[PDB]
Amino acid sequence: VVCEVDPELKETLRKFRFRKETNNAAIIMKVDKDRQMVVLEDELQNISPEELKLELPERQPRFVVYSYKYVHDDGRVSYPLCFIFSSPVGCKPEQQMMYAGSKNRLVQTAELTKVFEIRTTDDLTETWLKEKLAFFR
């Protein structure tokens, strides 16, 4: 069963993509099993990678869209929009797979091309993120 993206979430994501703010911000999303929908859990502003990490459940999956201010060594700035599938190894397989099966639809909805996955929340570090993003540099 593939979850639909909640229409309200699609709107949240659309507005977020085109935000004109230049701080780091995140949208965290979860599955509503009963509705078979991906829904908004939290929208957070001025959130660093470590703070984001600390928001994520350690043993349940989440989807994240993270708008990160990437400061190049010379001081140029980019604002990549990242998808992070947090799929901790301690989650039940059924729950992992429920999220995994809905990931692509969500990514497509959000029109995201930078799609990452972590298998423990500990792996969400700024270093990891920057290295991931540098592939698109």
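All residue numbers refer to positions in the sequence shown, first residue = 1.
Engineer: Please compare 49-57 with 34-42 and say which has the higher mean C-alpha temperature factor in the record.
Structural biologist: According to the entry, 34-42 carries the higher average C-alpha B-factor.
Engineer: Output the stretch having the higher mean C-alpha B factor in the entry; the candidates are 109-117 and 9-17.
Structural biologist: For C-alpha atoms only, the mean B-factor is higher in 109-117.
Engineer: Against its chain's modelled residues, does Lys103's Cα B factor rank lowest, middle or highest third?
Structural biologist: Lowest third of the chain for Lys103's C-alpha B-factor.
Engineer: Give the position of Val64 by CA B-factor within its chain, expressed as the lowest, middle or highest third.
Structural biologist: Within its chain, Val64 is a lowest-third residue by C-alpha B-factor, going by the deposited values.
Engineer: Can you tell me whether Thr22 has a C-alpha B-factor in the lowest, middle or highest third compared with the other modelled residues of the same chain?
Structural biologist: Highest third - that is where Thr22 ends up once the chain's C-alpha B-factors are sorted.
Engineer: Looking at the C-alpha B-factor of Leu81, is it in the lowest, middle or highest third of its chain?
Structural biologist: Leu81: CA B-factor falls in the highest third of its chain.
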